[PDB]
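Written below as structure tokens is the structure these notes are about.
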Amino acid sequence: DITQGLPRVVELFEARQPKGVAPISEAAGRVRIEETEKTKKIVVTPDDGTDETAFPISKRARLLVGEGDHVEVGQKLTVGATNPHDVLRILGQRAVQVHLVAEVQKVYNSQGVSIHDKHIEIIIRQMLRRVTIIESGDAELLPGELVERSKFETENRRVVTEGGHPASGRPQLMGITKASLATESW
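Just so we're on the same page, UniProt numbering is the position in the sequence shown counted from 1, plus 1017.
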């Protein structure tokens, strides 16, 4: 099911969706299982009382947490491989950095290969440079366009002075190919 060799590394560095994806909880609280004809669902009720979270999964996948248990904010709900995007969105930048470094180092340590972590950290830093705009504001940035963090910060710094509304963005993780082709030098 899961990739195990060089394809695993290629998948990790391309920020692709893993094969054996294992959904992770979005909010801590209570968990219940809803069995359906030709489909299964996990419903999570947060202690805050906000909206429920529904994770649909297939019959084959083996559950990891029983019904009515207590789940943490970053707790897996199934056996598989966590995807970088969800962990980033739910636990910030440091969590995804640690996750990517550890996952990349496991593959190499399996075959007894030694590499320092600064080499991996350089690439991981190059993968987390740009931010995606979700609020238009009045900073001359359209929603949904990726901008390097430096440009976005200097734009907001100019706007905040002698201006009211900044622009708000969200961190974005992109693979090596998309990051390399989206450069400033044609």
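Even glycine gets a Cβ: it sits at the ideal position worked out from N, Cα and C.
Task: Anticipated Cβ contact below 8 Å, residue 1108 with residue 1091, distance rounded - done: On the sequence shown, position 91 is the one that residue 1108 refers to. On the sequence shown, position 74 is the one that residue 1091 refers to. With a Cβ gap of about 5 Å, residue 1108 and residue 1091 count as contacting.
Task: Limits of the alpha helix (DSSP H) - the one that residue 1111 falls within - done: On the sequence shown, residue 1111 is found 94 positions in, with the first residue counted as 1. Element bounds for residue 1111: 1101–1127.
Task: Nonlocal neighbours in the same chain, by C-beta distance under 6 Å from residue 1014, ignoring five residues either side - done: The requested residue 1014 is not part of the displayed model; the chain covers only 1018 to 1203.
Task: Whole-angstrom distance between residue 1189 and residue 1125, CA atom to CA atom - done: Working through the sequence shown from its first residue, we reach residue 1125 at position 108. Working through the sequence shown from its first residue, we reach residue 1189 at position 172. Computed Cα separation, rounded: 26 Å.
Task: Neighbourhood of residue 1096 by C-beta, 8 Å cutoff - its chain only, sequence neighbours within 5 removed - done: Start at 1 with the first residue of the sequence shown, and residue 1096 comes out as number 79. Closer than 8 Å at Cβ, skipping near neighbours: 1037, 1039, 1078, 1079, 1081.
TODO: Would you be able to state if there are at least three C-beta pairs under 8 Å between the region 1161–1169 and the region 1126–1136?
DONE: no
Task: Rounded C-alpha distance that separates residue 1021 from residue 1048 - done: Locating residue 1021 in the sequence shown gives position 4, counting from the first residue. Locating residue 1048 in the sequence shown gives position 31, counting from the first residue. C-alpha separation (whole angstroms): 31 Å.
- [ ] Could you check if residue 1085 is buried or exposed, using at least 16 other CB atoms within 10 Å of its CB as the buried criterion?
- [x] Counted from its first residue, the sequence shown places residue 1085 at position 68. Its Cβ having fewer than 16 others within 10 Å, residue 1085 is exposed.
Open item on the list: Assuming residue 1200 is part of the beta strand (DSSP E), what are its boundary residues?
Closed with: If you number the sequence shown from 1, residue 1200 lands on position 183. Taken as a continuous stretch (DSSP letters only), residue 1200 belongs to no beta strand (DSSP E), as it is neither H nor E.
Task: 8 Å contact criterion, which residue 1088 and residue 1046 should meet: CB distance rounded - done: Stepping through the sequence shown from its first residue, residue 1088 is reached at position 71. Stepping through the sequence shown from its first residue, residue 1046 is reached at position 29. Correct: roughly 7 Å between the Cβ atoms.
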